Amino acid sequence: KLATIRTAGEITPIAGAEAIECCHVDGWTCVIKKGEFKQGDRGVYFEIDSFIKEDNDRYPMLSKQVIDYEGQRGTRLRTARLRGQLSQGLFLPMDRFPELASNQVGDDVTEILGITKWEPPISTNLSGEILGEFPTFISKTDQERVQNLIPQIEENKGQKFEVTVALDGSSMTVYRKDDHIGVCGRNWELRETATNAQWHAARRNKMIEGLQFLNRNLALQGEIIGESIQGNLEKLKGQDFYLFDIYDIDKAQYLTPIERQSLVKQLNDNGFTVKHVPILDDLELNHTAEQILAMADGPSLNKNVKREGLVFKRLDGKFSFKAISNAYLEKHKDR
């Protein structure tokens, strides 16, 4: 949902820059031209990671940022700082889009506006030979951002969440379905070869044997991190897998934080040395999105580096979200 119709929230002036002002859009804050919106006005909000194909009539404000990306000319939206003011996304009034004049607030207009997703380059050894599609009987590893979850954050006041450090690597799934055990990246099941990093990590921590021991239809989902993976923020030597979720294939449901933690303990008790993403204290939710984003900055798995952020998974395993550190996004312009 890169481009959606949203509502201008609080509009606050930026001291010393009378030509612009700060617009809150859900949990995001975004610099607009002074007077472009009033609180309550609707517009199209384009999230960071939007890639907006070149168009100086509709998008002249992006003109000097046009780059070549996957053979297209256009602009990547990313976190910026303007006059000391944090700015994320692009927010344009509805009258700039006459073809949306009878759409509704909340509508996803990504496809109609031709917006595509920008992503960092995938790391060398994490692209292997493809064996097949990512299994349709396993959920992929996505997380919604807290900035997009204002009402849900409200409903969940008092609920308890497992808090884990978000690790900056590549998503990796190792699973068992009856007589088949497979290793996947984010979007594909991979063939075992000598150079495949994901298979190597699954063999080295004995997690294939661990799945054979547990004898259940489970998908172990985690982050492979380390050297030549997204710049190796943790300064690891070699590479390693860090579990964050277990999907129950037979029940088509994630395991709860407590079910997952005890299964990981049994694996390690039996010699299967599967590591887990860092687990912090459980959080009783009673927070605004702004407050959640403030906890996002802090120590990573390597305590001497600042983390990508935090993932919150409710104790029933049925509601999860991610809070990315904005200091992290400011420091790492390649993501």
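One-based numbering along the sequence shown.
Student: If you average the CA temperature factors over each stretch, which comes out higher, 55 to 63 or 283 to 291?
Tutor: Mean CA B-factor is higher for 55 to 63.
Student: Comparing 84 to 92 with 219 to 227, which stretch shows the greater average C-alpha B-factor in the deposited entry?
Tutor: Stretch with the higher mean C-alpha B-factor: 84 to 92.
Student: Among the candidates 168, 133, 119, 107, give the one with the maximum CA B-factor reported in the record.
Tutor: Highest CA B-factor of the listed options: 119.
Student: From 302, 273, 50, 39, pick the one with the largest CA B-factor in the entry?
Tutor: Highest CA B-factor of the listed options: 273.
Student: How does the C-alpha B factor of residue 191 compare with the rest of the chain: lowest, middle or highest third?
Tutor: Ranked within chain, residue 191 CA B lands in the middle tercile.
Student: Splitting the chain's C-alpha B-factors into thirds, which one does residue 257 fall into?
Tutor: According to the entry, residue 257 has a C-alpha B-factor in the chain's middle third.
Student: Select lowest, middle or highest to describe the third in which the CA B-factor of residue 246 falls within its chain in this entry.
Tutor: For residue 246, the deposited C-alpha B-factor lands in the middle third.
Student: Comparing residue 314 with the other modelled residues of its chain, is its CA B-factor in the lowest, middle or highest third?
Tutor: Middle third - that is where residue 314 ends up once the chain's C-alpha B-factors are sorted.
Student: Is residue 209 in the lowest, middle or highest third of its chain when residues are ranked by C-alpha B-factor?
Tutor: As the PDB entry reports it, the C-alpha B-factor of residue 209 lands in the lowest third of its chain.
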